[PDB]
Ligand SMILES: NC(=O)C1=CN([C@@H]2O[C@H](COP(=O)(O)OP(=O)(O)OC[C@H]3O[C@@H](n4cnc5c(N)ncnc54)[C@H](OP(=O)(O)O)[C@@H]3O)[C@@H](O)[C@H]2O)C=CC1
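Shown next as C-alpha cells: one chain only, the form solved without the named molecule.
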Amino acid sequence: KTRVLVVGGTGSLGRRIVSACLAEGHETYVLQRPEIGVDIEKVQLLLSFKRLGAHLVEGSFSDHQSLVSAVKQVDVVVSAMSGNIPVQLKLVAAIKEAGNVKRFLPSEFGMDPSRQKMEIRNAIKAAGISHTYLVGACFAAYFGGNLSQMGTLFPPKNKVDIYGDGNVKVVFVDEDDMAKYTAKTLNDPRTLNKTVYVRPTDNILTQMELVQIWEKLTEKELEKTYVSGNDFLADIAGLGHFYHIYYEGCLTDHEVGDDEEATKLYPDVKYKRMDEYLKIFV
C-alpha cells in the first residue's frame, strides 16, 4: 500500500483527492491544520475521512517542523490549494529537509505555468524532488457550470458573454475526475518525473459548444453579448490566463502523446461529460 499525505484536504479539489485515494486503496493521511479545527463543516468532513480509513495528522503551514514530521511518515505528498505560492514553497522546503518523499504532486489548478509562474517548479528542481505535474484542463466547477462567465460561479440567467467568437477549443474536466487521475497516477512508474496532460476528448469544447449544451438542456436560446479580444484586454492575473485559454487557445494548440495523456494512461476512469455535468443545474 502506497502511503499518501494529502495537503489541502478540506479544499474543493483536496477533499475529492482524499476520497479518490481511499477508493484506490492507498494508505491515506490527511493534514489536519489548527485553523480549521473550529469550523464545524470542516471537522465533520475530516471525520468522514476517518470513518473510511484515513489517518489525520496534525500540522500547520506556520510550523515547519510539523510539516517535516507529517511528510516523514509517507511515500507520496499530494497538495491542492484550491480552498498559493508561499504555501507550496513551505511544503517544498519541508519535503527537501525530510528527504524520504518518493513523489510530490503539487496541484497547479490544471494550468501549465511553463507555457515568476515557475517558482514552485524551480524549487522542486533545485531540491531534487521527484514529482508528477497534472495540467491541461479547466475545472468544470469554475469554468463549466458558469458557462465560463467571469465574476460568478453560478449558472447563467438569460444572457451570457461570448468571448471572441467563442470558437476556441477549451478543455474541461470535472474535479471528481481530476482527483481520480491524481490517485491513479501518483504511484504509476509511467508518470514519475513527467508532466501528465488531462485532455478528455469529449470535453474538448469551444465556448459556443458549451453554451449550446446548456441551451439544449434548458430548451431555450441564450441572449449573447460578444466580447472582442481587445475589449477584453482593455478591461484590465487570472484575467490574463483566461485570455490565454479562451482567445489564444493555449489548452489545445499543441498535440499530446497517448503515453502522457490521462484518459489514455487511465482508461478505466469514465470521466464525466459536460452534458452530464450541466444537467445537475437545469
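Start at 1 with the first residue shown and count on from there. We call the rigid core whatever largest set of C-alpha positions still superposes within 1.5 Å between the two forms.
The entry models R115 and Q116 with a gap of 10 or more deposited residues left without coordinates.
Coordinates are absent for 4 to 9 residues of the deposited sequence placed between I236 and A237. Just going by the entry, 152-160 versus 137-145 on mean CA temperature factor gives the higher value to 152-160. Of the two segments examined, 30-38 and 226-234, it is 226-234 that shows the higher average Cα temperature factor in the deposited entry. When the C-alpha B factors of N100, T132, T206, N84 are read from the deposited coordinates, the top value falls at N84. When all modelled residues of the chain are sorted by CA temperature factor, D176 is found within the middle third.
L105: CA B factor in the lowest third of modelled residues in this chain (values from the PDB entry). Sort the modelled residues of the chain by CA B factor and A94 lands in the lowest third.
Remark: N167 belongs to the middle third of its chain, ranked by C-alpha B-factor as recorded. When the modelled residues of the chain are ordered by their C-alpha B factor, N122 lands in the middle third.
We do not show the form deposited with the named molecule bound, though everything after this point is about it.
Although the chain is displayed without it, the named molecule can be placed by superposition from its pose in the entry with it bound; doing so yields three or more atoms within 2.4 Å of backbone or C-beta atoms, and the site is blocked. Within 4.5 Å of the named molecule in the entry with it bound, a heavy atom is found for all three of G8, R33 and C138. None of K194, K72, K96, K117 but one reaches within 4.5 angstroms of the named molecule in the entry with it bound through a heavy atom, and that residue is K117. In terms of contact with the named molecule in the entry with it bound, the residue from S130, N100, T201, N84 that brings a heavy atom within 4.5 Å is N84. Although the partner is absent here, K42 lies within 4.5 Å of the named molecule in the entry with it bound, judged by heavy atoms. Within 4.5 Å of some heavy atom of the named molecule in the entry with it bound lies at least one heavy atom of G110.
Contact between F104 and the named molecule in the entry with it bound is not found at the 4.5 Å heavy atom cutoff. Although the partner is absent here, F143 is a contact residue: one of its heavy atoms lies within 4.5 angstroms of the named molecule in the entry with it bound. With the named molecule omitted here, the record of contacts in the entry with it bound names 84-92 of 208-216, 84-92, 120-128, 181-189, defined by a heavy atom within 4.5 Å. With the core held fixed by superposition, the comparison between the shown form and the other one singles out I36 as the only member of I213, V227, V57, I36 whose CA moves by at least 2 angstroms.
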